[PDB]
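What's in query-v8.cif: mmCIF, N, CA and C atoms
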data_final
#
loop_
_atom_site.label_atom_id
_atom_site.label_comp_id
_atom_site.auth_asym_id
_atom_site.auth_seq_id
_atom_site.Cartn_x
_atom_site.Cartn_y
_atom_site.Cartn_z
N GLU A 1 -9.78 8.58 -57.42
CA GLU A 1 -10.89 8.63 -58.36
C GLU A 1 -10.59 7.78 -59.59
N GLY A 2 -11.61 7.11 -60.11
CA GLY A 2 -11.42 6.27 -61.27
C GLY A 2 -12.37 6.48 -62.43
N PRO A 3 -12.58 5.40 -63.20
CA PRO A 3 -13.34 5.25 -64.44
C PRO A 3 -14.62 6.07 -64.63
N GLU A 4 -14.96 6.26 -65.90
CA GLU A 4 -16.35 6.26 -66.33
C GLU A 4 -17.38 7.10 -65.59
N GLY A 5 -18.61 6.61 -65.70
CA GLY A 5 -19.63 6.80 -64.71
C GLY A 5 -19.43 5.67 -63.72
N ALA A 6 -18.29 5.71 -63.04
CA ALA A 6 -18.03 4.84 -61.90
C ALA A 6 -17.91 5.69 -60.62
N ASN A 7 -18.30 6.96 -60.71
CA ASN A 7 -18.19 7.86 -59.57
C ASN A 7 -19.55 8.32 -59.08
N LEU A 8 -19.76 8.24 -57.77
CA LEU A 8 -21.05 8.57 -57.16
C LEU A 8 -20.95 9.75 -56.22
N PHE A 9 -22.00 10.56 -56.20
CA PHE A 9 -22.23 11.48 -55.10
C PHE A 9 -23.31 10.91 -54.20
N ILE A 10 -23.08 10.96 -52.89
CA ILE A 10 -24.07 10.51 -51.93
C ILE A 10 -24.49 11.67 -51.05
N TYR A 11 -25.80 11.90 -50.95
CA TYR A 11 -26.32 13.00 -50.15
C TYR A 11 -27.15 12.47 -48.99
N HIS A 12 -27.36 13.33 -48.00
CA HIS A 12 -28.14 13.02 -46.80
C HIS A 12 -27.47 11.94 -45.96
N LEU A 13 -26.15 11.96 -45.96
CA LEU A 13 -25.37 11.11 -45.06
C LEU A 13 -25.65 11.46 -43.60
N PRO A 14 -25.58 10.47 -42.71
CA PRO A 14 -25.49 10.80 -41.29
C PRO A 14 -24.27 11.69 -41.06
N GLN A 15 -24.44 12.76 -40.29
CA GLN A 15 -23.37 13.74 -40.14
C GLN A 15 -22.16 13.11 -39.44
N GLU A 16 -22.41 12.01 -38.74
CA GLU A 16 -21.34 11.40 -37.97
C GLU A 16 -20.51 10.41 -38.79
N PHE A 17 -20.93 10.12 -40.02
CA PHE A 17 -20.17 9.23 -40.89
C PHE A 17 -18.88 9.87 -41.39
N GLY A 18 -17.81 9.08 -41.41
CA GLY A 18 -16.53 9.53 -41.93
C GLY A 18 -16.18 8.78 -43.20
N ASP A 19 -14.95 8.94 -43.67
CA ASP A 19 -14.51 8.30 -44.90
C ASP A 19 -14.64 6.78 -44.83
N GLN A 20 -14.14 6.19 -43.75
CA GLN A 20 -14.17 4.74 -43.61
C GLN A 20 -15.60 4.21 -43.59
N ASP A 21 -16.49 4.91 -42.91
CA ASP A 21 -17.90 4.52 -42.85
C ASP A 21 -18.53 4.41 -44.24
N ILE A 22 -18.31 5.42 -45.07
CA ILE A 22 -18.93 5.47 -46.38
C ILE A 22 -18.27 4.42 -47.29
N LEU A 23 -16.96 4.23 -47.13
CA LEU A 23 -16.22 3.21 -47.87
C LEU A 23 -16.79 1.80 -47.62
N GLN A 24 -16.99 1.44 -46.35
CA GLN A 24 -17.47 0.10 -46.02
C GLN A 24 -18.91 -0.11 -46.45
N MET A 25 -19.72 0.95 -46.40
CA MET A 25 -21.12 0.83 -46.80
C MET A 25 -21.28 0.56 -48.28
N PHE A 26 -20.29 0.92 -49.07
CA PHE A 26 -20.45 0.86 -50.51
C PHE A 26 -19.59 -0.22 -51.16
N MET A 27 -18.63 -0.74 -50.40
CA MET A 27 -17.86 -1.90 -50.85
C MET A 27 -18.67 -3.17 -51.22
N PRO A 28 -19.86 -3.39 -50.62
CA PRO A 28 -20.62 -4.56 -51.08
C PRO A 28 -20.98 -4.60 -52.57
N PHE A 29 -20.75 -3.50 -53.29
CA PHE A 29 -21.18 -3.43 -54.68
C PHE A 29 -20.00 -3.54 -55.63
N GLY A 30 -18.80 -3.60 -55.07
CA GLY A 30 -17.61 -3.79 -55.86
C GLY A 30 -16.43 -3.07 -55.26
N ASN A 31 -15.33 -3.07 -55.99
CA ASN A 31 -14.09 -2.47 -55.54
C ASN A 31 -14.16 -0.94 -55.49
N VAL A 32 -14.20 -0.40 -54.28
CA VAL A 32 -14.14 1.04 -54.07
C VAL A 32 -12.69 1.50 -54.05
N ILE A 33 -12.33 2.38 -54.97
CA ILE A 33 -10.94 2.83 -55.07
C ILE A 33 -10.72 4.17 -54.35
N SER A 34 -11.77 4.97 -54.20
CA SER A 34 -11.70 6.12 -53.31
C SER A 34 -13.07 6.44 -52.73
N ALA A 35 -13.07 6.93 -51.49
CA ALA A 35 -14.29 7.36 -50.83
C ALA A 35 -13.98 8.55 -49.94
N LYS A 36 -14.83 9.56 -49.99
CA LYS A 36 -14.58 10.79 -49.24
C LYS A 36 -15.87 11.40 -48.71
N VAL A 37 -15.86 11.80 -47.45
CA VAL A 37 -16.91 12.67 -46.92
C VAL A 37 -16.39 14.11 -46.92
N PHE A 38 -17.22 15.05 -47.38
CA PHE A 38 -16.82 16.45 -47.41
C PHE A 38 -17.10 17.14 -46.08
N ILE A 39 -16.12 17.88 -45.58
CA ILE A 39 -16.28 18.55 -44.29
C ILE A 39 -16.08 20.06 -44.38
N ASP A 40 -16.77 20.78 -43.50
CA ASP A 40 -16.52 22.20 -43.27
C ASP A 40 -15.18 22.32 -42.58
N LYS A 41 -14.23 23.04 -43.17
CA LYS A 41 -12.87 23.03 -42.63
C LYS A 41 -12.66 24.02 -41.49
N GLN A 42 -13.67 24.81 -41.16
CA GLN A 42 -13.61 25.59 -39.93
C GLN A 42 -14.00 24.73 -38.74
N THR A 43 -15.18 24.11 -38.82
CA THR A 43 -15.73 23.32 -37.72
C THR A 43 -15.31 21.85 -37.72
N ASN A 44 -14.82 21.37 -38.86
CA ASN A 44 -14.54 19.95 -39.11
C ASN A 44 -15.78 19.08 -39.14
N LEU A 45 -16.95 19.70 -39.25
CA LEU A 45 -18.20 18.97 -39.33
C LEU A 45 -18.48 18.49 -40.75
N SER A 46 -18.99 17.27 -40.86
CA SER A 46 -19.40 16.73 -42.14
C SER A 46 -20.44 17.64 -42.79
N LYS A 47 -20.40 17.75 -44.11
CA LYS A 47 -21.42 18.48 -44.86
C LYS A 47 -22.56 17.55 -45.27
N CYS A 48 -22.53 16.32 -44.75
CA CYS A 48 -23.57 15.32 -44.96
C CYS A 48 -23.70 14.87 -46.41
N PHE A 49 -22.62 14.99 -47.17
CA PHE A 49 -22.58 14.39 -48.48
C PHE A 49 -21.14 14.03 -48.82
N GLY A 50 -20.99 13.09 -49.74
CA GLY A 50 -19.67 12.59 -50.06
C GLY A 50 -19.58 11.98 -51.43
N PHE A 51 -18.48 11.28 -51.65
CA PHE A 51 -18.09 10.84 -52.97
C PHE A 51 -17.53 9.42 -52.92
N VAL A 52 -17.94 8.58 -53.86
CA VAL A 52 -17.43 7.21 -53.94
C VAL A 52 -17.07 6.83 -55.37
N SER A 53 -15.90 6.22 -55.55
CA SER A 53 -15.44 5.75 -56.85
C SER A 53 -15.23 4.24 -56.90
N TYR A 54 -15.83 3.60 -57.89
CA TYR A 54 -15.56 2.20 -58.16
C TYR A 54 -14.57 2.04 -59.31
N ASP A 55 -14.06 0.83 -59.51
CA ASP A 55 -13.15 0.57 -60.63
C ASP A 55 -13.92 0.15 -61.88
N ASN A 56 -15.24 0.29 -61.84
CA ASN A 56 -16.09 -0.10 -62.96
C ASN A 56 -17.48 0.50 -62.82
N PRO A 57 -18.10 0.87 -63.95
CA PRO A 57 -19.40 1.55 -63.90
C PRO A 57 -20.57 0.67 -63.45
N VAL A 58 -20.44 -0.65 -63.54
CA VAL A 58 -21.55 -1.53 -63.19
C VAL A 58 -21.74 -1.57 -61.67
N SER A 59 -20.62 -1.54 -60.95
CA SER A 59 -20.65 -1.42 -59.50
C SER A 59 -21.38 -0.14 -59.08
N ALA A 60 -20.99 0.99 -59.66
CA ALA A 60 -21.66 2.26 -59.39
C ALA A 60 -23.17 2.18 -59.66
N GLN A 61 -23.54 1.53 -60.75
CA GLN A 61 -24.95 1.40 -61.11
C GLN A 61 -25.69 0.54 -60.08
N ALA A 62 -25.05 -0.54 -59.65
CA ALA A 62 -25.61 -1.40 -58.61
C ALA A 62 -25.78 -0.65 -57.28
N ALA A 63 -24.76 0.12 -56.90
CA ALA A 63 -24.81 0.91 -55.68
C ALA A 63 -25.97 1.90 -55.70
N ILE A 64 -26.15 2.57 -56.84
CA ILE A 64 -27.26 3.51 -56.99
C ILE A 64 -28.60 2.81 -56.81
N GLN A 65 -28.79 1.71 -57.51
CA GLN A 65 -30.06 1.00 -57.47
C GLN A 65 -30.38 0.48 -56.06
N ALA A 66 -29.35 0.16 -55.28
CA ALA A 66 -29.55 -0.38 -53.94
C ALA A 66 -29.62 0.68 -52.85
N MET A 67 -28.80 1.73 -52.96
CA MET A 67 -28.63 2.67 -51.85
C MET A 67 -29.40 3.98 -52.02
N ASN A 68 -29.84 4.27 -53.24
CA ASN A 68 -30.67 5.45 -53.45
C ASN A 68 -32.03 5.23 -52.80
N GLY A 69 -32.37 6.09 -51.85
CA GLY A 69 -33.58 5.91 -51.07
C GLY A 69 -33.38 5.10 -49.80
N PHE A 70 -32.19 4.53 -49.63
CA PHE A 70 -31.88 3.72 -48.45
C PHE A 70 -31.93 4.56 -47.18
N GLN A 71 -32.62 4.05 -46.17
CA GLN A 71 -32.78 4.82 -44.95
C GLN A 71 -31.75 4.44 -43.90
N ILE A 72 -31.11 5.45 -43.33
CA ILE A 72 -30.14 5.25 -42.27
C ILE A 72 -30.02 6.56 -41.49
N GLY A 73 -30.06 6.46 -40.16
CA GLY A 73 -30.04 7.64 -39.31
C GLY A 73 -31.21 8.58 -39.53
N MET A 74 -32.40 8.02 -39.74
CA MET A 74 -33.64 8.78 -39.98
C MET A 74 -33.62 9.64 -41.24
N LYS A 75 -32.62 9.44 -42.10
CA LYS A 75 -32.63 10.06 -43.42
C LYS A 75 -32.59 9.00 -44.51
N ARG A 76 -33.08 9.36 -45.70
CA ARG A 76 -32.91 8.51 -46.87
C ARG A 76 -31.77 9.03 -47.72
N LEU A 77 -30.84 8.15 -48.07
CA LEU A 77 -29.72 8.54 -48.92
C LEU A 77 -30.20 8.94 -50.31
N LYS A 78 -29.54 9.94 -50.87
CA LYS A 78 -29.71 10.27 -52.28
C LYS A 78 -28.40 9.90 -52.97
N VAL A 79 -28.44 8.87 -53.80
CA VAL A 79 -27.23 8.41 -54.48
C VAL A 79 -27.32 8.71 -55.97
N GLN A 80 -26.26 9.32 -56.48
CA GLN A 80 -26.30 9.97 -57.78
C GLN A 80 -25.01 9.77 -58.57
N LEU A 81 -25.15 9.40 -59.83
CA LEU A 81 -24.00 9.28 -60.70
C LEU A 81 -23.42 10.67 -60.96
N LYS A 82 -22.10 10.78 -60.92
CA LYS A 82 -21.43 12.01 -61.31
C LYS A 82 -21.07 11.98 -62.79
#

Represent the structure from my file as structure tokens, please.
Amino acid sequence: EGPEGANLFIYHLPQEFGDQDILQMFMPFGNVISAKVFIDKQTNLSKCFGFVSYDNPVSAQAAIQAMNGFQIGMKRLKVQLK
């Protein structure tokens, strides 16, 4: 985890997405220093939301503007500054 408002919560993820998936999807907006999908630790199933950290707040802002409302797997992502 890093800087500022450089941290994002992403909701309505495809349940099949893992850490690497979310990392690669958000790297186009800048240097991602950590990315995590949250899972139910009994079933190991994704909770369909996760966390992404950039090394700068402008990347996070760009990611929000581009990926909030973005449709993938018949859902629209909800991308939110933490």

Checklist entry - Can you list what the PyMOL selection byres (((chain A and resi 64 and name CA) around 10) and name CA) grabs from this structure, as a list in words? => result residues 8, 9, 10, 26, 29, 58, 59, 60, 61, 62, 63, 65, 66, 67, 68, 69, 70, 77, 78, 79, 80 and 81 of chain A

Next on the checklist: Running the PyMOL selection byres (((chain A and resi 48 and name CA) around 7) and name CA) on this model by hand, what would come out? Give it as a list in words.
Outcome noted: residues 11, 12, 13, 14, 15, 46, 47, 49 and 50 of chain A

Checklist entry - Restricting the calculation to all atoms listed in the file, which member of A:82, A:54, A:73, A:4 is positioned closest to residue 30 in chain A? => result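 Nearest to residue 30 in chain A: A:54.
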
Next on the checklist: Need the shell around residue 53 in chain A: protein/DNA/RNA residues with any atom at most 7 Å away, counting all atoms listed in the file. Skip same-chain ones fewer than 5 positions apart. Format as a list in words?
Outcome noted: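 Neighbouring residues, sequence-local ones excluded: residues 1, 2, 3, 6, 7, 8, 31, 32, 33, 34, 35 and 36 of chain A.
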
Next on the checklist: Based on the backbone DSSP call, show me all residues of range 8-75 of chain A assigned helix (DSSP H, G or I), as a PyMOL selection string.
Outcome noted: chain A and resi 19-29+57-67

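Coordinates place atom C of residue 43 in chain A at a distance of 14.2 Å from atom N of residue 19 in chain A.
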
Item to check | Atomic separation - CA of residue 23 in chain A relative to CA of residue 71 in chain A, Å | outcome: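 Between CA of residue 71 in chain A and CA of residue 23 in chain A the gap is 16.9 Å.
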
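The residue that comes closest to residue 22 in chain A, out of A:72, A:37, A:42, A:57 and on the basis of all atoms listed in the file, is A:37.
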
Next on the checklist: I'd like the interatomic distance between atom C of residue 18 in chain A and CA of residue 51 in chain A, to a tenth of an Å.
Outcome noted: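 Going from atom C of residue 18 in chain A over to CA of residue 51 in chain A covers 10.2 Å.
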
Range 5-58 of chain A: residues DSSP assigns to strand (DSSP E or B), reported as a short mmCIF file (atom, residue, chain, number, x, y, z; two decimals) with N, CA and C atoms, in the frame of the given file:
data_model
loop_
_atom_site.label_atom_id
_atom_site.label_comp_id
_atom_site.auth_asym_id
_atom_site.auth_seq_id
_atom_site.Cartn_x
_atom_site.Cartn_y
_atom_site.Cartn_z
N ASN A 7 -18.30 6.96 -60.71
CA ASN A 7 -18.19 7.86 -59.57
C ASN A 7 -19.55 8.32 -59.08
N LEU A 8 -19.76 8.24 -57.77
CA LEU A 8 -21.05 8.57 -57.16
C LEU A 8 -20.95 9.75 -56.22
N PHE A 9 -22.00 10.56 -56.20
CA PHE A 9 -22.23 11.48 -55.10
C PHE A 9 -23.31 10.91 -54.20
N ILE A 10 -23.08 10.96 -52.89
CA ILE A 10 -24.07 10.51 -51.93
C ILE A 10 -24.49 11.67 -51.05
N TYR A 11 -25.80 11.90 -50.95
CA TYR A 11 -26.32 13.00 -50.15
C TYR A 11 -27.15 12.47 -48.99
N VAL A 32 -14.20 -0.40 -54.28
CA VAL A 32 -14.14 1.04 -54.07
C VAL A 32 -12.69 1.50 -54.05
N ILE A 33 -12.33 2.38 -54.97
CA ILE A 33 -10.94 2.83 -55.07
C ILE A 33 -10.72 4.17 -54.35
N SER A 34 -11.77 4.97 -54.20
CA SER A 34 -11.70 6.12 -53.31
C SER A 34 -13.07 6.44 -52.73
N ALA A 35 -13.07 6.93 -51.49
CA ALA A 35 -14.29 7.36 -50.83
C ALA A 35 -13.98 8.55 -49.94
N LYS A 36 -14.83 9.56 -49.99
CA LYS A 36 -14.58 10.79 -49.24
C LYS A 36 -15.87 11.40 -48.71
N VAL A 37 -15.86 11.80 -47.45
CA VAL A 37 -16.91 12.67 -46.92
C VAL A 37 -16.39 14.11 -46.92
N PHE A 38 -17.22 15.05 -47.38
CA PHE A 38 -16.82 16.45 -47.41
C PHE A 38 -17.10 17.14 -46.08
N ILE A 39 -16.12 17.88 -45.58
CA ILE A 39 -16.28 18.55 -44.29
C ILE A 39 -16.08 20.06 -44.38
N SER A 46 -18.99 17.27 -40.86
CA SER A 46 -19.40 16.73 -42.14
C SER A 46 -20.44 17.64 -42.79
N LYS A 47 -20.40 17.75 -44.11
CA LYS A 47 -21.42 18.48 -44.86
C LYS A 47 -22.56 17.55 -45.27
N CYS A 48 -22.53 16.32 -44.75
CA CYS A 48 -23.57 15.32 -44.96
C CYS A 48 -23.70 14.87 -46.41
N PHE A 49 -22.62 14.99 -47.17
CA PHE A 49 -22.58 14.39 -48.48
C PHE A 49 -21.14 14.03 -48.82
N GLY A 50 -20.99 13.09 -49.74
CA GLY A 50 -19.67 12.59 -50.06
C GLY A 50 -19.58 11.98 -51.43
N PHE A 51 -18.48 11.28 -51.65
CA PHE A 51 -18.09 10.84 -52.97
C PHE A 51 -17.53 9.42 -52.92
N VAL A 52 -17.94 8.58 -53.86
CA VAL A 52 -17.43 7.21 -53.94
C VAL A 52 -17.07 6.83 -55.37
N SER A 53 -15.90 6.22 -55.55
CA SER A 53 -15.44 5.75 -56.85
C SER A 53 -15.23 4.24 -56.90
N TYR A 54 -15.83 3.60 -57.89
CA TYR A 54 -15.56 2.20 -58.16
C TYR A 54 -14.57 2.04 -59.31
#

Take range 52-65 of chain A, model N, CA, C and O atoms, and hand the result over as a PDB file, keeping the file's coordinate frame.
ATOM      1  N   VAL A  52     -17.940   8.580 -53.860  1.00  0.00           N
ATOM      2  CA  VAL A  52     -17.430   7.210 -53.940  1.00  0.00           C
ATOM      3  C   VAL A  52     -17.070   6.830 -55.370  1.00  0.00           C
ATOM      4  O   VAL A  52     -17.843   7.089 -56.298  1.00  0.00           O
ATOM      5  N   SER A  53     -15.900   6.220 -55.550  1.00  0.00           N
ATOM      6  CA  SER A  53     -15.440   5.750 -56.850  1.00  0.00           C
ATOM      7  C   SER A  53     -15.230   4.240 -56.900  1.00  0.00           C
ATOM      8  O   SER A  53     -14.520   3.674 -56.058  1.00  0.00           O
ATOM      9  N   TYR A  54     -15.830   3.600 -57.890  1.00  0.00           N
ATOM     10  CA  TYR A  54     -15.560   2.200 -58.160  1.00  0.00           C
ATOM     11  C   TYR A  54     -14.570   2.040 -59.310  1.00  0.00           C
ATOM     12  O   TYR A  54     -14.274   3.011 -60.014  1.00  0.00           O
ATOM     13  N   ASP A  55     -14.060   0.830 -59.510  1.00  0.00           N
ATOM     14  CA  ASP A  55     -13.150   0.570 -60.630  1.00  0.00           C
ATOM     15  C   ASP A  55     -13.920   0.150 -61.880  1.00  0.00           C
ATOM     16  O   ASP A  55     -13.324  -0.287 -62.855  1.00  0.00           O
ATOM     17  N   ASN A  56     -15.240   0.290 -61.840  1.00  0.00           N
ATOM     18  CA  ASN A  56     -16.090  -0.100 -62.960  1.00  0.00           C
ATOM     19  C   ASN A  56     -17.480   0.500 -62.820  1.00  0.00           C
ATOM     20  O   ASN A  56     -17.994   0.635 -61.706  1.00  0.00           O
ATOM     21  N   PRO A  57     -18.100   0.870 -63.950  1.00  0.00           N
ATOM     22  CA  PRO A  57     -19.400   1.550 -63.900  1.00  0.00           C
ATOM     23  C   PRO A  57     -20.570   0.670 -63.450  1.00  0.00           C
ATOM     24  O   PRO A  57     -21.580   1.214 -63.014  1.00  0.00           O
ATOM     25  N   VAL A  58     -20.440  -0.650 -63.540  1.00  0.00           N
ATOM     26  CA  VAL A  58     -21.550  -1.530 -63.190  1.00  0.00           C
ATOM     27  C   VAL A  58     -21.740  -1.570 -61.670  1.00  0.00           C
ATOM     28  O   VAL A  58     -22.866  -1.604 -61.174  1.00  0.00           O
ATOM     29  N   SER A  59     -20.620  -1.540 -60.950  1.00  0.00           N
ATOM     30  CA  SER A  59     -20.650  -1.420 -59.500  1.00  0.00           C
ATOM     31  C   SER A  59     -21.380  -0.140 -59.080  1.00  0.00           C
ATOM     32  O   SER A  59     -22.294  -0.191 -58.255  1.00  0.00           O
ATOM     33  N   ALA A  60     -20.990   0.990 -59.660  1.00  0.00           N
ATOM     34  CA  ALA A  60     -21.660   2.260 -59.390  1.00  0.00           C
ATOM     35  C   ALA A  60     -23.170   2.180 -59.660  1.00  0.00           C
ATOM     36  O   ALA A  60     -23.974   2.673 -58.869  1.00  0.00           O
ATOM     37  N   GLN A  61     -23.540   1.530 -60.750  1.00  0.00           N
ATOM     38  CA  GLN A  61     -24.950   1.400 -61.110  1.00  0.00           C
ATOM     39  C   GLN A  61     -25.690   0.540 -60.080  1.00  0.00           C
ATOM     40  O   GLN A  61     -26.803   0.864 -59.675  1.00  0.00           O
ATOM     41  N   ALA A  62     -25.050  -0.540 -59.650  1.00  0.00           N
ATOM     42  CA  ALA A  62     -25.610  -1.400 -58.610  1.00  0.00           C
ATOM     43  C   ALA A  62     -25.780  -0.650 -57.280  1.00  0.00           C
ATOM     44  O   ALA A  62     -26.817  -0.759 -56.624  1.00  0.00           O
ATOM     45  N   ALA A  63     -24.760   0.120 -56.900  1.00  0.00           N
ATOM     46  CA  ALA A  63     -24.810   0.910 -55.680  1.00  0.00           C
ATOM     47  C   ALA A  63     -25.970   1.900 -55.700  1.00  0.00           C
ATOM     48  O   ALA A  63     -26.685   2.054 -54.714  1.00  0.00           O
ATOM     49  N   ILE A  64     -26.150   2.570 -56.840  1.00  0.00           N
ATOM     50  CA  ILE A  64     -27.260   3.510 -56.990  1.00  0.00           C
ATOM     51  C   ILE A  64     -28.600   2.810 -56.810  1.00  0.00           C
ATOM     52  O   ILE A  64     -29.438   3.250 -56.029  1.00  0.00           O
ATOM     53  N   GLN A  65     -28.790   1.710 -57.510  1.00  0.00           N
ATOM     54  CA  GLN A  65     -30.060   1.000 -57.470  1.00  0.00           C
ATOM     55  C   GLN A  65     -30.380   0.480 -56.060  1.00  0.00           C
ATOM     56  O   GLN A  65     -31.541   0.422 -55.663  1.00  0.00           O
TER      57      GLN A  65
END
